[PDB]
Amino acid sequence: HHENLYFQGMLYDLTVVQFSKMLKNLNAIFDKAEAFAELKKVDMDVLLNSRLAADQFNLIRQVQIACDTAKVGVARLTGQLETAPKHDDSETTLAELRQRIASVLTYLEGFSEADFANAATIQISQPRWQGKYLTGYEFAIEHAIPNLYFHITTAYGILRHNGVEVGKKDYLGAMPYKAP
């Protein structure tokens, strides 16, 4: 029943398309963080190294993990992990983080629906799973998607906690509303 066409389109839209949107949204969130820092004469370094708990990754790390979730998630679903761009996680500044987002966005632009032809059924096994696997469809739904939103939300929470006036519209972004 054309199931390959549906599975591939959905998985493409959930990952390449929606993850690119959310990463752009994360960029917009940082525009508010810069406005705050300027207005409150807060050092951006302080925000970038802030965190919600002493044993939880800081803001720089949340951004890095969000980007990796999108990048590696797509690489994995499309069977292209060996071709994926590598990042050493050396970023310490907002500029560098904006570059990291931009790179992942460019990477994601390179894919099409057809790259996901067999994504639903591909066997994904991470190094710490002792050979056990999830199908690509399961991995998207239960692993990659929750994780992407977890780390973007936690980045948002760090900023919000520090006083940045980011709101839900900044996280969701524009909707493709249609006139009736």
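Numbers for residues come from their place in the sequence shown, where the first is 1.
Taking the PDB entry as given, 126-134 carries the higher mean Cα B factor of the two stretches 126-134 and 144-152. Looking at mean Cα B-factors across 56-64 and 112-120, the upper value is held by 112-120.
Per the PDB record, residue ranking by Cα B-factor puts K41 in the highest third of the chain. Residue-level temperature factors show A28 in the highest third of its chain, judged at the C-alpha atom.
Among the modelled residues of the chain, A102 sits in the lowest third by CA temperature factor in this PDB entry. Sort the modelled residues of the chain by CA B factor and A75 lands in the middle third.
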